[PDB]
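A short write-up of the structure that comes next.
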Amino acid sequence: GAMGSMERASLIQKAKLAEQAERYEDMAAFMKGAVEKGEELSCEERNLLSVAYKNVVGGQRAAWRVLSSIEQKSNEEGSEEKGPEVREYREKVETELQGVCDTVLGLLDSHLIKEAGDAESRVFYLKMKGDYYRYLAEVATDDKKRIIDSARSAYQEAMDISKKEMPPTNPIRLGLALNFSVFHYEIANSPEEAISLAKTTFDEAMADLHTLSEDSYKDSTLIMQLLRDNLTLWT
Amino acid sequence: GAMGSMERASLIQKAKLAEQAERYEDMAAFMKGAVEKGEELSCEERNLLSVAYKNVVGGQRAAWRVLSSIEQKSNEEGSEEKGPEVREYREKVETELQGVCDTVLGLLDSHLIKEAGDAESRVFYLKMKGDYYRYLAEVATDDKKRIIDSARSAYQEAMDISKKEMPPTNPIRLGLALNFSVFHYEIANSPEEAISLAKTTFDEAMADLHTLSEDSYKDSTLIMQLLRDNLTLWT
Amino acid sequence: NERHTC
Amino acid sequence: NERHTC
Ligand SMILES: [Mg+2]
Ligand SMILES: [Mg+2]
Ligand SMILES: [Mg+2]
Ligand SMILES: [Mg+2]
């Protein structure tokens, strides 16, 4: 595609520049080009890929929620009819969001996941697969159940690997649990599962902190505080 | 273009939705489509147009400055050579920014300005013309002098009309003066002119506040505080 | 306060 | 503190 003539290293260099300039659409396009070179990604490169698309899809999701709220209010008793424009524009934003999710899922399927053998990369990519199916689920209204189950299945494979191959304080394991817990709470209508997962994850990490350096301790406790914040919110 | 099949009113409705969703590229595209319908713009519509493009070009300018700073540091004594990527990516952002400025200037030239006869619309559009030539001047490095003089000429025509046709507290007159003052300070290398213009504008508005309602007073004093902030910064 | 994902 | 334009 458009990045096919640029060196892999130049794409990564430009992705880092785009991040500094808060140009996340550019950043995502550069990292897509880097993935399409066909080589596996390093730890730093995987995080550039995720940062880029998380920011792009984050803005789209926030816009979709604003528009969906306006649309719902327009269907309340006593709302003046304003025509098709709200629905049309919500659909436009929805379609662009789905396209981004499809692009990320396509990169994971061709061929990031199948080449990823180490626990750190495989779990990272399967968490991403679960995350982007979850974003598809947020806007889904015949295929909603299958979209939900695709998210669940990706998260579950990642959980299984992370519990076997990673310590309980591993930041990827913790963030995977954080997100799968939110999936349970607000996608799968399973708040009790969400709370159980967050509390167990928190407690098992707490008990492993003593093994860590100062820097690793800061990394793990940062994510543990996100789990605690969610538990406080939900209980 | 792409908005040619949508109703004028629907484009304006969607521009307002895009603003609520902070989707300023969409907002700008909708308002471009509305302008291209060929009818004059109301006061509210002119402000939707300006809000949209100011936000789009604002992000581009901020990114360009980040990249230009990295580029300058890379040309300092003792900087390790990193190849063409910084320059390339700065040029990419610069080209997109220039394209947006050219698009706005094209709308003003075809045919917003020539149809604008009331002081409020004509001054608003000529301020916009000066603003977008100024943004072109910020990145210009054979035509810099002519770009600068095009900004100056647009601002001067707007100033002349505003002084004749508008009270000194008019928010458009005040914002025009604010921006032309910044043009003097940081584009035209004329800080004394910048300071004189800001202080005279401030003092003449102060003396007219007594004629205003509470709501108009708030509108005018808001912009007067921006003039004062600049004077404080510059003296 | 909104729930966290990362 | 940066100068204002509007
Ligand atoms: Mg190569
Ligand atoms: Mg491998
Ligand atoms: Mg019509
Ligand atoms: Mg007219």
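Simple scheme: letters A, B, ... for chains in structure tokens order, numbers from 1 for residues in each chain, numbers from 1 for ligands in the order shown.
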Nearby polymer residues, ligand 1, at most 9 Å, only C-alpha atoms and all ligand atoms, as an mmCIF file with C-alpha atoms, in the first residue's frame:
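Output saved as result.cif:
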```cif
data_model
loop_
_atom_site.group_PDB
_atom_site.id
_atom_site.type_symbol
_atom_site.label_atom_id
_atom_site.label_comp_id
_atom_site.auth_asym_id
_atom_site.auth_seq_id
_atom_site.Cartn_x
_atom_site.Cartn_y
_atom_site.Cartn_z
ATOM 1 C CA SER A 5 8.185 2.160 -0.755
ATOM 2 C CA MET A 6 9.426 3.309 2.696
ATOM 3 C CA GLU A 7 12.067 1.465 4.736
ATOM 4 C CA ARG A 8 10.847 -0.410 7.812
ATOM 5 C CA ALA A 9 13.219 1.568 10.028
ATOM 6 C CA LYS A 37 6.904 -5.496 5.848
#
```
* Asked: Residues of chain A within 12 Å of chain B, using only C-alpha atoms, as a ChimeraX atom specification?
  -> /A:6-24,26-27,30,59-71,82-90,92-93,96
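When the distance limit is 12 Å and only C-alpha atoms are what count, the residues near residue 3 (chain D), minus those fewer than 3 positions from it on the same chain, are residues 178, 179, 181, 182, 183, 185, 186, 194, 198, 225, 226, 227, 228, 229, 230, 231, 232, 233 and 234 of chain B; 6 of chain D.
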* **Residues within 12 Å of ligand 2, counting only C-alpha atoms and all ligand atoms, as a list in words** =>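 My answer, listing the contacting residues, is residues 38, 39, 40, 41, 42, 111, 112, 113, 114, 115, 116, 117, 118, 119, 120, 121 and 122 of chain A.
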* All alpha helix (DSSP H) positions in region 17-60 of chain B, as a PyMOL selection string -> chain B and resi 17-20+24-36+43-60
* **Atomic separation - CA of residue 34 (chain B) relative to CA of residue 148 (chain B), Å** =>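 If I compute the distance from CA of residue 148 (chain B) to CA of residue 34 (chain B), I get 29.3 Å.
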